[PDB]
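The sequence lines fix the lettering, A, B, ..., with proteins before strands; numbering per chain opens at 1. Hydrogens, waters and symmetry mates play no part in the numbers below; they use all other heavy atoms, side chains included. We count ligands from 1, going down the list as the structure has it; atoms in each ligand are counted the same way.
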Amino acid sequence: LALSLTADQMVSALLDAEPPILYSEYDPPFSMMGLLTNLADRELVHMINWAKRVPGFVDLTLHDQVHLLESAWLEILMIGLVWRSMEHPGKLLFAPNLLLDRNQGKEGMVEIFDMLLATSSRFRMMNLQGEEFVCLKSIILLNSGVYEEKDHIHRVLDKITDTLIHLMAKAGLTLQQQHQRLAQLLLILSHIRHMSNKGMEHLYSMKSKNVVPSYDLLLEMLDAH
Amino acid sequence: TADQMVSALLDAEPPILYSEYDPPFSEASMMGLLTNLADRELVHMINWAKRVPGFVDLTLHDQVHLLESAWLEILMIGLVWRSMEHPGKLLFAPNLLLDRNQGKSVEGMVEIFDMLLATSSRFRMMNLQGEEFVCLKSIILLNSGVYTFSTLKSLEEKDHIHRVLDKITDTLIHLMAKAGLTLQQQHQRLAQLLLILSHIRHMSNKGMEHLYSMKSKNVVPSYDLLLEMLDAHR
Ligand SMILES: C[C@H]1c2ccc(O)cc2O[C@@H](c2ccc(OCCN3CCCC3)cc2)[C@@H]1c1ccc(O)cc1
Ligand SMILES: C[C@H]1c2ccc(O)cc2O[C@@H](c2ccc(OCCN3CCCC3)cc2)[C@@H]1c1ccc(O)cc1
């Protein structure tokens, strides 16, 4: 029934659903990966609660909800990082008390640092709006793991598309500018998927205990009724 | 114009190549046939790219850069396209049509086979048109490596690529409008089509991982090779 929402209501619901910005657990004597892992793990929880507030998401089975999160969790983290890093050229704001440049990024991380920084710059160049950001983040959640259930996801995706066009029309853009900007934003998501892939490779190469959140962890965080 | 754009892309389409003929197939020679096929389609791909409007306007260095980034994606989407009318099978060639069971012979291949098969199914579900296909393939060429290029020349390059990309978007909208779609249906299908590219990028990455794991002499076409094919003389 979350499809009956209007473009205005869709945008409003997403804006309110935005997760908070977290701080790194560092006693402000400067171990970097440890800080990032701790932050990522804590930001995962809020992501799950955010996802539940994305219109149409909880209409899916818990099984399908977990699958989507399994596919999209790193992508969602990255675009979130890029977003809050927009107003800080050449630096990645992992947290308000943890803003790093590519020099600090220097084993195998600098390559991914540069990709993230380039995406942030692109956001900057395009003057990405908050209303557009929440739409793009929602698209990632629903689309990343899509390869009655599948049809519902596409209907939700279509609704977000209508909303993006609505926002751009509201911003005064012409019709040609609207479909052009829509394409530009969606093409950015392909790059974000690319970063997530390379990021996964890099994280696995670190030989940590685990990289991906388990099915049970995601399920538990969802908090079924 | 959008119409001129579509025509140029259609005419630029590379031919469908065949696997060698000898009157049986064996799972041991499978990777060999695919490698042979892939290498031969690479040559035609370079010639295709040169005929993509705006591509040859770029420096040879940046042309090579784009192909390095997109070459596997382009191979995959081409494979998915000609496999579209063949449910449950991948038409690598008219005389080389494989199922996922044959994929099991090569360690790690079924996973990538399934992703390709899923993409073919999506094309089928969406009733993807040939005009739309060539648009998507050109977009891959120009966009895939545009995010991994500070020189003043590079700034000119990226802006040019974005202008070409914008034109292809206009062409897609033109095609769908011509197809009778409403404005809302146009924006929805455009998004649907562009989101598929995210999956294709995903397959290319996983495919690259798989190819490297095979410990062959090389996986990616070298800069000098791409340059050599791209750096034609007069
Ligand atoms: C993008 C970066 C990021 C974004 C937001 C954030 O709050 C923290 C952050 O730090 C990096 C990161 C570090 C570790 C990590 O995985 C640790 C394992 N957890 C992942 C969730 C379950 C278990 C995931 C991401 C992470 C990263 C990802 C890939 C990479 O190659 C380097 C750093
Ligand atoms: C997508 C598949 C494909 C597409 C079109 C085609 O004509 C052949 C084809 O077979 C698979 C393939 C096999 C080998 C290959 O690389 C051989 C190295 N050359 C690549 C270009 C220069 C060197 C690249 C792709 C290839 C594939 C790719 C990744 C993978 O994990 C499994 C099969």
*asked:* A:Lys198 versus ligand 1: do any nitrogen or oxygen atoms come within less than 3.5 Å of each other?
replied: no
*Between A:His202 and ligand 1, does any nitrogen or oxygen pair lie at a separation below 3.5 Å?*
yes
*Can you tell me how far CE of B:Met203 sits from CE of B:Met76, rounded to the nearest 0.5 angstrom?*
6.0 Å
*In Å, rounded to the nearest 0.5 Å, how long is the span from CG of A:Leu222 to CD of A:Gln65?*
5.5 Å
_ligand 1 contact on A:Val211 by region, counting heavy-atom pairs under 4.0 Å_ = backbone
*Does ligand 1 have a heavy atom under 4.0 Å from the side chain of A:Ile112, from its backbone, from both, or from neither?*
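Just the side chain.
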Where ligand 1 meets [X] - atom numbers and elements under 4.0 angstrom, heavy-atom basis:
X       : result
A:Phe94 : 2 (C), 3 (C), 9 (C), 10 (O)
A:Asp41 : 17 (C), 18 (C), 19 (N), 20 (C), 21 (C), 22 (C), 23 (C)
A:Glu43 : 5 (C), 6 (C), 7 (O)

Say whether [X] and [Y], considering side chains only, have a donor N or O and an acceptor N or O under 3.5 Å apart.
X        : Y        : answer
B:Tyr223 : B:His61  : yes
A:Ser121 : A:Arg124 : yes
A:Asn38  : A:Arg42  : yes

_With sequence neighbours excluded, residues passing ring pair (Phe, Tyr, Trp, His ring centres under 6.0 Å) with A:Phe133_ = A:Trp83
_Heavy-atom pairs closer than 4.0 Å: do any link ligand 2 to the side chain of B:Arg40, the backbone, both, or neither?_
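B:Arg40 to ligand 2: no contact under 4.0 Å from either part.
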*asked:* If we set the cut-off at 4.0 Å for heavy atoms, which region of B:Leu37 has an atom near ligand 2: side chain, backbone, both, or neither?
replied: both
*Would you mind listing which atoms of ligand 2 come within a distance below 4.0 Å of any non-hydrogen atom of B:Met109?*
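Going through ligand 2 atom by atom, the ones under 4.0 Å from B:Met109 are 32 (C), 33 (C).
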_If the cut-off is 4.0 Å to any non-hydrogen atom of B:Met76, which atoms of ligand 2 fall inside it?_
1 (C)
*Is there a donor-acceptor pair under 3.5 Å between the side chain of A:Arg84 and the backbone N or O of A:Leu93?*
yes
*Aromatic ring centroids of B:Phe25 and B:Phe92 under 6.0 Å?*
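Between B:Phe25 and B:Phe92, the centre distance exceeds or equals 6.0 Å.
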*Take every heavy atom of B:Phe113, measure it against each atom of ligand 2, and state whether any distance is under 4.0 Å.*
no
_Distance-only N or O hit between ligand 2 and B:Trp71, under 3.5 Å_ =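 So ligand 2 has no N or O lying under 3.5 Å from an N or O of B:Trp71.
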*Between A:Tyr147 and B:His199, how do the two ring planes meet: parallel, tilted or perpendicular, split at 30° and 60°?*
parallel
